[PDB]
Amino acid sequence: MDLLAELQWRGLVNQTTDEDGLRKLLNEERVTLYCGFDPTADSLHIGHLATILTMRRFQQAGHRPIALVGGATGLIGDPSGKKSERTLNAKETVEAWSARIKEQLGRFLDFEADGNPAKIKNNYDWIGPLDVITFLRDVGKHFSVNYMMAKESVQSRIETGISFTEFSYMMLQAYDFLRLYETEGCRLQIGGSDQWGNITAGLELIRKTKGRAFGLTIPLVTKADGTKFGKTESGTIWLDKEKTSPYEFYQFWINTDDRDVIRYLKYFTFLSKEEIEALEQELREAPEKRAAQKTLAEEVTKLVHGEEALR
């Protein structure tokens, strides 16, 4: 309501399944939400921040976040937002990564709060042991191939080609949505824009199987200059302080372009509406000063690296 509006003011809402319905749920109850992360590398990078930070905004508003590490789905591969078929990673490799990603995630959430402690989950737990028979009958039966073919992630690759492995991926994330709803009271799933189709599939699964849940997507981070975000010439800014140092990390933020800066304060910091506007005024009135950028860099660096790393 006020959280949804704020998110909205912050430009963190791309699409929602039912705005009026979610907003009433948010204002009424303590909502249990989830967002999943597939280990595709040994580190999360700045492109995952928006989604994590948003999970934390919800925790600050009193909701209960569940970050999910795709220990199983990571072995399959999401065609979502990918232009070509991907090579399969080794279980041993995906396993190692999971562990690393599980650690990063945990820096952003509160596992001790009362009322809404966070949780970190790995879908390997419930998919790892799923046999083919049960999957096909219990999940598979509820989806038509048509339904499936019309999803962007598949519709996008039909000229290129897609494997049955990657085409099936959405049933898996559909299943995670259903499990978490069943065991955890989860009624909201968040994700990046390309996740829309996987999100609406999970929802269709609960609906055909039960009879009460929502989806919301976060817009991709944009560069006013029309460039690509997190794209340096030292490559990727990782949240792994040994791949990308605090220095390096902090320097990245400080060099944020004036045209981008405020948008970035809104997406990435926990500053108030009122605080951000000040900064806006100061950029107008005294940009040589570069106050907005300096705040951004300290705020983000603290969040990702801690106060010590800030020093």
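We number the residues from 1 along the sequence you see.
Peer 1: What is the count, as a class, of unmodelled deposited residues between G211 and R212: none, 1 to 3, 4 to 9, or 10 or more?
Peer 2: Missing in between: 1 to 3 residues.
Peer 1: Looking only at CA atoms, which has the higher mean B factor in the entry: 222-230 or 172-180?
Peer 2: Mean C-alpha B-factor is greater for 222-230.
Peer 1: Given the B-factors recorded for C-alpha atoms, which segment has the greater mean, 61-69 or 24-32?
Peer 2: It is 24-32 that shows the higher mean C-alpha B-factor.
Peer 1: According to the Cα B-factor stored in this entry, which of the following is highest: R137, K151, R100, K83?
Peer 2: Of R137, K151, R100, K83, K83 has the highest C-alpha B-factor.
Peer 1: Considering only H45, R56, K243, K273, which residue's Cα atom bears the greatest B-factor as recorded?
Peer 2: The record points to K273.
Peer 1: Considering only modelled residues of the same chain, in which third does the CA B-factor of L49 rank: lowest, middle or highest?
Peer 2: Its C-alpha B-factor belongs to the middle third of this chain's values.
Peer 1: Considering only modelled residues of the same chain, in which third does the CA B-factor of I158 rank: lowest, middle or highest?
Peer 2: According to the entry, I158 has a C-alpha B-factor in the chain's highest third.
Peer 1: Once the chain's modelled residues are ordered by C-alpha B factor and cut into thirds, is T87 in the lowest, middle or highest one?
Peer 2: Within its chain, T87 is a highest-third residue by C-alpha B-factor, going by the deposited values.
Peer 1: Compared with the other modelled residues in the chain, in which third is the CA B-factor of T200?
Peer 2: It belongs to the lowest third of the chain when residues are ordered by C-alpha B-factor.
Peer 1: Ranking the modelled residues of this chain by C-alpha B-factor as given in the entry, is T236 in the lowest, middle or highest third?
Peer 2: Its C-alpha B-factor, which the entry lists for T236, ranks in the highest third among residues of this chain.
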